[PDB]
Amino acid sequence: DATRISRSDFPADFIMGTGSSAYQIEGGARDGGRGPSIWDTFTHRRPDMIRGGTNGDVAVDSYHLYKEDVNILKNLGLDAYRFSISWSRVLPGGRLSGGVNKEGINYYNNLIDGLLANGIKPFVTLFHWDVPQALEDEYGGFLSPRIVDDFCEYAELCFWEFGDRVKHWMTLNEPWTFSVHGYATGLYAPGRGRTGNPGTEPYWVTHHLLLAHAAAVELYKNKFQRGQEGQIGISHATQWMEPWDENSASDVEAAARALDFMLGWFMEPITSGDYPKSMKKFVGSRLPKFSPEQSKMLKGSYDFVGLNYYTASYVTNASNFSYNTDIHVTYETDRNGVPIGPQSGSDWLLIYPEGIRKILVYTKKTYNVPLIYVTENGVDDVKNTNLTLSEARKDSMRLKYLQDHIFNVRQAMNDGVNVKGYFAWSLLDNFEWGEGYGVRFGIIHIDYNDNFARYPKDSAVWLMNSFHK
């Protein structure tokens, strides 16, 4: 019975928490010296790409309301909190010569300090998609190898300013999503590929993302880790991939190829220093090569890996060039009119709790990761502006979703997966990228009509009751 899952089913030192990213919650987009990110620009110049034409100028105003969020996190009672630093908040021009923003540094110090004063461990992501527009404009951001050294300078600033208090770092969050939705489908910032080339740019972007991650890891391990004694890893997008027909060799290979193109793309480089065999074969000359020094730097470049999980799909074989077609699979939601899971508030999120278990087991089996966190797992409310607060806060479906997924994490730990922590996504309803504000992922409700007033959902209350202390 999943409804009974609690902290006493986990080791005493198992880490529970919640999450956010800077662009999605902070606001103060031009306050306290922040420079623009590619997401400010995308939402400003291309509001048609956003459901409701909205943007993160104000988001849910966590920049000004940080003390209120810390009070929420204290009452919630979980050990940890995962957030990202906005690169163009601390470095408005992305590179050092664009200026060092002291006030932006003070904001993160205030947040870290409030978190530690309340017994909450900060888990901090350097890059959650908000590339400085200055670097995007000067040289194409992640399209250019120039991004590697600038990300390193930025990482080093953060390690220096915060590393005495921050002990868990992640270089990147979902570089998969960043690369694919930014450069293959062109639906997320910087909006390319839909002037862009979905057949070449996602592979260059991912290549530079990997090299940025490698160089920041090397920087931390060689220059900060002995003095600061923290850990550094990375968070990856995952989706469970199931063969459509369990007895079809062709579907078994296709589901594995889908895993290769989503997770393997990033996991194999940090495991053996090269891309998956299947990507080499299907992408060919369009997949960049790592130099021997790059391979050596990438291999084993983490102290832990976080996985982000939402949903699952059946997979079968497919029937000029583009990342989406290179995978050579067709996704399927149903077997004989039975969907793999029911929909959440979003039609792409089919609830399949076993998938987080299979994705954990798969990651240990294939990549032999010694330390794994679930860095994101969560579900969105059905869209409804007709509900009063007593009704909107009864998130039965999210409560069941978390219970079921956390139960599956425990199952994966019984299978031998060394999971060290689990972070629900998200702490607050927030800006859901291309979907804007209508998609609510929070365990804490936001009232968009009244200065983003916070109110806990039943899921938050159950997390506190079941997992506090």
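Residue numbers run from 1 along the displayed sequence.
According to the PDB entry, the deposited sequence contains 10 or more residues between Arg194 and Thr195 that lack coordinates. Counting the deposited residues that fall between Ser319 and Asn320 and carry no coordinates gives a value of 4 to 9. For the pair 297-305 and 333-341, the mean Cα B-factor is higher in 333-341.
As recorded in the PDB entry, 240-248 is the stretch of 240-248 and 226-234 with the greater mean C-alpha temperature factor. Ranking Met413, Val70, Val58, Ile38 by Cα temperature factor from the entry places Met413 first. Highest C-alpha temperature factor among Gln133, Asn101, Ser285, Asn109 per the entry: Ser285. In the PDB entry, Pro175 places in the middle third of its chain by CA B-factor.
Looking at the C-alpha B-factors along this chain, the one for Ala453 belongs to the lowest third. Among all modelled residues in this chain, the alpha-carbon of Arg398 has a temperature factor (C-alpha) in the middle third.
In the deposited entry, the Cα temperature factor of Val439 sits in the middle third of values across the chain's modelled residues. Among the modelled residues of its chain, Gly17 has a C-alpha B-factor that falls in the middle third according to the deposited record.
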